[PDB]
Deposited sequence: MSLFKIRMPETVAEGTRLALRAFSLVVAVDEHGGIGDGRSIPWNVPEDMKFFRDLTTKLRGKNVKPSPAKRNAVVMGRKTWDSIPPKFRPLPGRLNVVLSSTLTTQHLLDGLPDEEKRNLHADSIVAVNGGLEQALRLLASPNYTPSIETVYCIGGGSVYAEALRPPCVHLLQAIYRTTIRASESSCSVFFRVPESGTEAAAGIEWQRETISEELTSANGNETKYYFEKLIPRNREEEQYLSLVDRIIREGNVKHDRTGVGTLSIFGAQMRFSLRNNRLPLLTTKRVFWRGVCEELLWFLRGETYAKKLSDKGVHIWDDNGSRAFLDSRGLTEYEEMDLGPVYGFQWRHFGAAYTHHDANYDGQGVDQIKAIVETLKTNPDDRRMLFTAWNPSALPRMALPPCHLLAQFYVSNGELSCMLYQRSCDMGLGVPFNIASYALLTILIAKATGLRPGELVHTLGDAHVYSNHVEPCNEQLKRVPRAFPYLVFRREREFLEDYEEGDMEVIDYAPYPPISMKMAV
């Protein structure tokens, strides 16, 4: 219909996943050389086989993948060939899938694939819809030529984690920080075990490490939470205490499918996405969200809360002309939720989408919910209250201004919410997703969240996950939470 935003033909193009991300698992000697420790084989099997979910039996619907060179495949004892419970992807210029099957002594057909190519070719195959998102983690298991390719671009930028066992008994060398070979990645240890002793009868000495690429973007957030606790002003309102500072700014890359969902505490993505779509549709009835099991508006849509605003005539969960209402119908007269507001008010989102397509250098491509005429008719004044877009080199960037920032729960939710908005607007306009800039006004931690924030500040952030689209829609307003999926999200535990 005429009021919706039609997606262009290029809709899938700038979000298509080029290479699937992966982790590396390697054992080396004390000099880093890669040429019988059962505890290491126990760790290898568990780390490469188990899914992150509670009690999930690996199957073609949901399992890990192991990627290896043809010589590593040859050297697996035939008892464990193919590695059971994993997809086995084997790199070879010589051997087809059929030849690998012919080397066994039909059970295994869905679990073995040959790739005539290197690790990059294997990551390109694993990014296709038959394997993403069904493969949960891709593990690269060598050998030396495959590790070399994993540790240089373009593959190295998709390496989430390196699991290295060192055993006191061609070198595996992680690029050093600041060096050309590192390509701007700063490798750091998340964990390193004590020196351990094998029960193998030889008293073999070994230790494990897990390295991860330093995530300076989530570090920004961490630094700000640490500063608010160490130096923020205490205020009490009802008497709820907060610690606060005023004025800050963070930036996050959305390029090549990255999604900045924080890793040091899990973000409720399903909630982020349902809510953002609800904003984009211009919705105002919060029951639409609570009926999908997203309860973030229940406190502010209650009879009691609405009455406390003077909104006595609103039905329960009708929030008035909040948010998406102003995005799609700024200044329209509001009566009740779900009336026909087609063509009323200013549709700021449609207008920006049209400008992005025809004049992407325009400096007025902004939208707002802060409408002081409508403020008193809203359950709450918007907190994320405007955003502005910018284009460079065919990439779309967005800056968000947020007046009141709960660092514990609101801010990580809003980062994700605006990352997703930017990605969707780039898909609507022929552009690739660029950077998200988040400006913060009053940035606060509730005083009862101080000890848990301190516990969270103990954690070293991990690589962010990625966003892919399983399918597309003819109109921007018809997107659904099931159309897209977050892959490679590995947050720390609660």
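Several segments of the deposited sequence have no coordinates for C-alpha: 1, 37 to 43, 114 to 118, 183 to 188, 257, 515 to 521, numbered from the first residue.
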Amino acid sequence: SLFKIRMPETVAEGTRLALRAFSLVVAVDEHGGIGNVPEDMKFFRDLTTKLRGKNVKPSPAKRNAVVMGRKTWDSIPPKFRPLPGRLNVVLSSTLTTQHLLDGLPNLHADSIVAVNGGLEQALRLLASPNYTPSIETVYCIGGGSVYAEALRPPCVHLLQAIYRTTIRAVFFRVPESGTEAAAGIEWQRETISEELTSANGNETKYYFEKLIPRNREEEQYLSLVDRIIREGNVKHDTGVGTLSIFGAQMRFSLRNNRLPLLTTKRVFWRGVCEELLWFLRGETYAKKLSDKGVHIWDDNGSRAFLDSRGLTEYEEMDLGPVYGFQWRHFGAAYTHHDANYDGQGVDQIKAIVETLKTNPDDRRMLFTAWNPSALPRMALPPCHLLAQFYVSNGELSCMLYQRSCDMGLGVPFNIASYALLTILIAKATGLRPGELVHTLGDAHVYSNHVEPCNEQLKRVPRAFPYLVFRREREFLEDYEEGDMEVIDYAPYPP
From here on, numbers count along this sequence of modelled residues.
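When 298 to 306 is weighed against 158 to 166, 298 to 306 comes out higher, by mean CA B-factor as recorded in the entry. When the two stretches 62 to 70 and 450 to 458 are set side by side, the higher mean Cα temperature factor goes to 450 to 458. Of all the options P105, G320, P129, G118, the entry's greatest CA B-factor is assigned to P105. The entry lists C-alpha B-factors for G201, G331, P133, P412, and the highest of these is at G201. When the modelled residues of the chain are ordered by C-alpha B-factor, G394 sits in the middle third. In the PDB entry, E485 places in the lowest third of its chain by CA B-factor. When the CA B factors of the chain's modelled residues are split into thirds, the value for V11 lands in the middle one. Among all modelled residues in its chain, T429 ranks in the lowest third by Cα B-factor. Ranked by C-alpha B-factor against the other modelled residues of its chain, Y285 falls in the middle third.
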